[PDB]
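Just input01.cif here, mmCIF, N, CA and C atoms and all ligand atoms:
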data_target
#
loop_
_atom_site.label_atom_id
_atom_site.label_comp_id
_atom_site.auth_asym_id
_atom_site.auth_seq_id
_atom_site.Cartn_x
_atom_site.Cartn_y
_atom_site.Cartn_z
N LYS O 32 8.64 0.93 0.35
CA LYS O 32 9.13 1.64 1.52
C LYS O 32 8.60 1.08 2.83
N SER O 33 8.02 -0.13 2.81
CA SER O 33 7.50 -0.84 3.98
C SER O 33 6.33 -0.11 4.61
N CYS O 34 5.88 0.90 3.88
CA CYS O 34 5.03 1.98 4.30
C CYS O 34 3.60 1.59 4.71
N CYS O 35 3.34 0.29 4.81
CA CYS O 35 2.02 -0.30 4.78
C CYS O 35 1.84 -1.57 5.62
N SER O 36 0.67 -2.20 5.41
CA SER O 36 0.35 -3.56 5.84
C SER O 36 0.06 -4.39 4.59
N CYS O 37 -0.79 -3.83 3.72
CA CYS O 37 -1.09 -4.27 2.37
C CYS O 37 0.12 -4.44 1.44
N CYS O 38 1.31 -3.92 1.79
CA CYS O 38 2.44 -3.79 0.87
C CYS O 38 3.82 -3.83 1.54
N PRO O 39 4.84 -4.43 0.90
CA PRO O 39 6.22 -4.42 1.38
C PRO O 39 7.09 -3.28 0.83
N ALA O 40 8.30 -3.23 1.41
CA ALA O 40 9.51 -2.50 1.03
C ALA O 40 9.91 -2.52 -0.46
N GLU O 41 9.29 -3.36 -1.30
CA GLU O 41 9.56 -3.46 -2.73
C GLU O 41 8.38 -2.97 -3.58
N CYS O 42 7.25 -2.60 -2.95
CA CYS O 42 6.03 -2.20 -3.63
C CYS O 42 6.15 -1.01 -4.59
N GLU O 43 6.59 -1.28 -5.82
CA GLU O 43 6.58 -0.45 -7.02
C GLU O 43 5.65 0.77 -6.98
N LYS O 44 4.38 0.53 -6.65
CA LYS O 44 3.30 1.50 -6.72
C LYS O 44 3.45 2.55 -5.63
N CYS O 45 3.95 2.09 -4.49
CA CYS O 45 4.19 2.84 -3.29
C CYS O 45 5.59 3.42 -3.23
N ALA O 46 6.59 2.68 -3.70
CA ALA O 46 7.97 3.12 -3.89
C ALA O 46 8.05 4.54 -4.45
N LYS O 47 7.08 4.90 -5.29
CA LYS O 47 6.82 6.25 -5.76
C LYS O 47 6.52 7.22 -4.59
N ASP O 48 5.31 7.13 -4.00
CA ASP O 48 4.87 7.95 -2.87
C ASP O 48 3.60 7.40 -2.19
N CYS O 49 3.64 6.10 -1.91
CA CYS O 49 2.59 5.36 -1.18
C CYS O 49 1.14 5.62 -1.68
N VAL O 50 0.78 5.12 -2.88
CA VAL O 50 -0.61 5.09 -3.41
C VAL O 50 -1.74 5.15 -2.36
N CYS O 51 -1.66 4.29 -1.34
CA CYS O 51 -2.71 4.00 -0.39
C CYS O 51 -2.90 5.13 0.62
N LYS O 52 -2.10 6.20 0.60
CA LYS O 52 -2.20 7.26 1.61
C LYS O 52 -3.62 7.67 1.96
N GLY O 53 -4.48 7.83 0.95
CA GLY O 53 -5.83 8.27 1.22
C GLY O 53 -6.82 7.14 1.58
N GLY O 54 -6.38 5.88 1.57
CA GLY O 54 -7.16 4.72 1.98
C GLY O 54 -7.26 4.63 3.51
N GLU O 55 -7.79 5.69 4.12
CA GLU O 55 -7.78 5.99 5.55
C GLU O 55 -8.32 4.84 6.41
N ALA O 56 -9.64 4.67 6.43
CA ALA O 56 -10.29 3.50 6.98
C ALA O 56 -10.46 2.44 5.88
N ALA O 57 -9.61 2.47 4.85
CA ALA O 57 -9.64 1.50 3.76
C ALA O 57 -8.69 0.34 4.08
N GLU O 58 -7.94 -0.17 3.10
CA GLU O 58 -7.18 -1.41 3.26
C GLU O 58 -5.76 -1.25 3.79
N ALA O 59 -5.34 -0.02 4.09
CA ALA O 59 -4.03 0.34 4.65
C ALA O 59 -3.45 -0.73 5.60
N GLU O 60 -4.30 -1.23 6.51
CA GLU O 60 -3.98 -2.20 7.55
C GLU O 60 -4.35 -3.65 7.20
N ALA O 61 -5.30 -3.82 6.29
CA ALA O 61 -5.98 -5.08 5.99
C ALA O 61 -5.22 -6.00 5.05
N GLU O 62 -3.91 -6.16 5.28
CA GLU O 62 -3.06 -7.19 4.68
C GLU O 62 -2.95 -7.20 3.14
N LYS O 63 -3.80 -6.46 2.42
CA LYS O 63 -3.97 -6.54 0.97
C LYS O 63 -4.91 -5.42 0.51
N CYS O 64 -4.58 -4.71 -0.58
CA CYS O 64 -5.29 -3.50 -1.02
C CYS O 64 -5.65 -3.53 -2.51
N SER O 65 -6.44 -2.57 -2.99
CA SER O 65 -7.10 -2.63 -4.28
C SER O 65 -6.63 -1.55 -5.23
N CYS O 66 -5.37 -1.14 -5.08
CA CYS O 66 -4.68 -0.29 -6.03
C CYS O 66 -3.47 -1.02 -6.60
N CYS O 67 -2.62 -1.47 -5.69
CA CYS O 67 -1.32 -2.04 -5.98
C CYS O 67 -1.37 -3.45 -6.57
N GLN O 68 -2.38 -4.24 -6.20
CA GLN O 68 -2.51 -5.61 -6.69
C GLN O 68 -2.87 -5.62 -8.18
CD CD O 101 -0.52 -0.41 0.84
CD CD O 102 1.50 -0.56 -2.38
CD CD O 103 2.37 2.12 0.83
CD CD O 104 -2.28 0.02 -2.52
#

Final structure tokens representation of the file:
Amino acid sequence: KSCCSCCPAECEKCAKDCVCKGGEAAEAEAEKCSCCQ
């Protein structure tokens, strides 16, 4: 859902309901994250 920085519009894990939502000061913005990879 393009919902991120770590993730695109095709991100399976997020396509559900954005895994990273609670990654507040986490990797949300930091180009790459530690759930979806
Ligand atoms: Cd993400
Ligand atoms: Cd994701
Ligand atoms: Cd997301
Ligand atoms: Cd993630």

For a cutoff of 8 Å around the file-coordinate point (-0.3, -6.3, 1.6), which residues qualify once you count all atoms listed in the file? I'd like the result as a compact mmCIF listing (two decimals) with N, CA and C atoms, in the frame of the given file.
# COMPACT_ATOMS: atom_id res chain seq x y z
N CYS O 35 3.34 0.29 4.81
CA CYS O 35 2.02 -0.30 4.78
C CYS O 35 1.84 -1.57 5.62
N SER O 36 0.67 -2.20 5.41
CA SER O 36 0.35 -3.56 5.84
C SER O 36 0.06 -4.39 4.59
N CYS O 37 -0.79 -3.83 3.72
CA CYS O 37 -1.09 -4.27 2.37
C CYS O 37 0.12 -4.44 1.44
N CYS O 38 1.31 -3.92 1.79
CA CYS O 38 2.44 -3.79 0.87
C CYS O 38 3.82 -3.83 1.54
N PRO O 39 4.84 -4.43 0.90
CA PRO O 39 6.22 -4.42 1.38
C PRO O 39 7.09 -3.28 0.83
N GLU O 58 -7.94 -0.17 3.10
CA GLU O 58 -7.18 -1.41 3.26
C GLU O 58 -5.76 -1.25 3.79
N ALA O 59 -5.34 -0.02 4.09
CA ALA O 59 -4.03 0.34 4.65
C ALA O 59 -3.45 -0.73 5.60
N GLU O 60 -4.30 -1.23 6.51
CA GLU O 60 -3.98 -2.20 7.55
C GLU O 60 -4.35 -3.65 7.20
N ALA O 61 -5.30 -3.82 6.29
CA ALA O 61 -5.98 -5.08 5.99
C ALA O 61 -5.22 -6.00 5.05
N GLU O 62 -3.91 -6.16 5.28
CA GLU O 62 -3.06 -7.19 4.68
C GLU O 62 -2.95 -7.20 3.14
N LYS O 63 -3.80 -6.46 2.42
CA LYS O 63 -3.97 -6.54 0.97
C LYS O 63 -4.91 -5.42 0.51
N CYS O 64 -4.58 -4.71 -0.58
CA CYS O 64 -5.29 -3.50 -1.02
C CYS O 64 -5.65 -3.53 -2.51

Legend entry - Near-ligand residues for ligand CD 104 (chain O), threshold 6 Å, only C-alpha atoms and all ligand atoms, as a PyMOL selection string: chain O and resi 50-51+64-67

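With atom CA of residue O:53 on one side and atom CA of residue O:68 on the other, the separation reads 16.3 Å.
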
Legend entry - Expected selection as a ChimeraX atom specification for ligand CD 103 (chain O) within 5 Å, all atoms listed in the file: /O:34-35,45,49

Export, as an mmCIF file, in the frame of the given file, the selected residues with N, CA and C atoms.
data_model
loop_
_atom_site.group_PDB
_atom_site.id
_atom_site.type_symbol
_atom_site.label_atom_id
_atom_site.label_comp_id
_atom_site.auth_asym_id
_atom_site.auth_seq_id
_atom_site.Cartn_x
_atom_site.Cartn_y
_atom_site.Cartn_z
ATOM 1 N N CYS O 34 5.880 0.900 3.880
ATOM 2 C CA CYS O 34 5.030 1.980 4.300
ATOM 3 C C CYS O 34 3.600 1.590 4.710
ATOM 4 N N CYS O 35 3.340 0.290 4.810
ATOM 5 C CA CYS O 35 2.020 -0.300 4.780
ATOM 6 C C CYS O 35 1.840 -1.570 5.620
ATOM 7 N N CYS O 45 3.950 2.090 -4.490
ATOM 8 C CA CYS O 45 4.190 2.840 -3.290
ATOM 9 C C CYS O 45 5.590 3.420 -3.230
ATOM 10 N N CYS O 49 3.640 6.100 -1.910
ATOM 11 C CA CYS O 49 2.590 5.360 -1.180
ATOM 12 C C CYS O 49 1.140 5.620 -1.680
#

Draw an axis-aligned box tight on the listed atoms of stretch 56-65 of chain O, then pad every side by 3 Å and write out centre and edge lengths in Å to one decimal as JSON.
{"center_x": -6.7, "center_y": -1.3, "center_z": 1.2, "size_x": 13.5, "size_y": 17.9, "size_z": 18.8}

Inset, instruction - Take atom N of residue O:56 and atom CA of residue O:41 and report the distance between them in Å, one decimal. - result: 22.8 Å

Legend entry - Picked from chain O by DSSP as helix (DSSP H, G or I), as a list in words: residues 43, 44, 45, 46, 47, 48, 50, 51, 52 and 53 of chain O
